[PDB]
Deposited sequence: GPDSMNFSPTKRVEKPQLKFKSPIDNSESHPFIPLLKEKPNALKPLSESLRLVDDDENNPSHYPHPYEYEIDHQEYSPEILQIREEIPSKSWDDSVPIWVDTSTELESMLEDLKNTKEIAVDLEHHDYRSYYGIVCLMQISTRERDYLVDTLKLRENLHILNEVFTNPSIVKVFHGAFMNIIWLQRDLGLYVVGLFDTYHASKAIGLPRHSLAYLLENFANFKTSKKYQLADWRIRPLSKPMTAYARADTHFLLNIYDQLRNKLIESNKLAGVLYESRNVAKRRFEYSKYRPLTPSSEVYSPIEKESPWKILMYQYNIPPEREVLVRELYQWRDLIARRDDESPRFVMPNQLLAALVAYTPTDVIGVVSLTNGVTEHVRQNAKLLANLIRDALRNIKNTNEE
């Protein structure tokens, strides 16, 4: 089935130019120890960038006293005692905010899609309280979701994530949301020393819930959500707060709870920045999209491409990236590396040669077949001549 691109309906439209470092979308700072203005000042190269607006809060805000005590475990609600709450209007979101205000702890997760978007888009957000599960349309509510900062940056309310390492970045980038009061069960599992540290492992073992493999590979932009996708999304957070109870208590017992909160604070402090503006020195502290050695080299060796073609290979890499940025698509939607490898290996020099490649071609390659053939012809002419 055809899925229209939801970015088209975004209020602020998508900018892949990377003209300037990432600017936090945050316009209000609840639960502040430091003025937002003082947070929003740019930093000089040392590259230039904005700092984490809640950095001070994460470092110096005090955890809720409840997280500190051994406390008996509160089981997850019976799956069938309730329906997941679908949140896609301004109103439903506001009602949800009021509910979240009344918790001491909540479970959060997201679904992210990167095939039909250059950087990616957050398609769903899952939030569970002790009582209910919420499923939030982050496509339709992109420009509204910031109000959750009231609860997400409230340090007296624990936010439970399993492996928040990327989700922290994505909350920032798309919804302008930050987390103060994070507990990451991934780090908890690690400190405990469990044989596995996946959500799947925890769900099977503390919740007896069997996950089907491959649904986070599904296309989460589609509306409405399929019933299995609804359930698997709900499942991500439905069970997590109990898991937190059990892991927290053992951490308290094992003398390792302080260590997990530190790790969780390091996860929370993670900042979203563009790859051009990435840090000079490698760090788990910052994530940027690209930060490595030139991927064409593997691809030439892998498809056994003659050594003379680095520039052809590199030229295709640049075009694909530029075109992906222009049309707001992943590079693999534009042209999988394997198709790229096919173009370089077989060097078709006319439209028919490009399109009739044994691989078959993508929509972008069909549309730009003449350009691609010209790009290739020049390399063949230039390889001979030069």
Checklist entry - Going from the first residue of the deposited sequence to the last, where are the unmodelled runs? => result 1 to 10, 57 to 59, 400 to 402
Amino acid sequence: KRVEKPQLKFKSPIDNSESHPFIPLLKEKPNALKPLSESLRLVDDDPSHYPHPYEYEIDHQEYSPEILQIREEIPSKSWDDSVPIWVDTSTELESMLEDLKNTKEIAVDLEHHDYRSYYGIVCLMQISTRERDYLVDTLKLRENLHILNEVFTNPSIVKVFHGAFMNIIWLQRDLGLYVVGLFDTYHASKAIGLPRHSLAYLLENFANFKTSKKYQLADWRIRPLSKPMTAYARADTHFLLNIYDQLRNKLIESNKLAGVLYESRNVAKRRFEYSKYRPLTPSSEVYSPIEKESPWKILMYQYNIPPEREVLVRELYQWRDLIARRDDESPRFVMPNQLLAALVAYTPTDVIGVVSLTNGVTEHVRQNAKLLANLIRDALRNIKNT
From here on, numbers count along this sequence of modelled residues.
Checklist entry - Out of 18 to 26 and 365 to 373, which stretch has the higher average CA B-factor listed in the record? => result 18 to 26
Item to check | Mean C-alpha temperature factor, higher of 35 to 43 and 316 to 324 | outcome: 35 to 43
Checklist entry - From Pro295, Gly193, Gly181, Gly176, which pick has the Cα B-factor that tops the rest in the entry? => result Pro295
Next on the checklist: Quiz for you: based on the deposited Cα B-factor, which of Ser356, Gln338, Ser64, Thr347 is highest?
Outcome noted: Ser64
Checklist entry - Lowest, middle or highest third: where is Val351 by Cα B-factor in its chain? => result lowest
Checklist outcome for this item: Chain-relative C-alpha B factor for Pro279 (record values, thirds): the highest
Next on the checklist: Where does the C-alpha B-factor of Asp236 rank in its chain, lowest, middle or highest third?
Outcome noted: lowest
Checklist entry - Should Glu143 be placed in the lowest, middle or highest third of its chain by the C-alpha B factor in the entry? => result highest
Item to check | Third of chain Cα B-factors occupied by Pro228 | outcome: middle
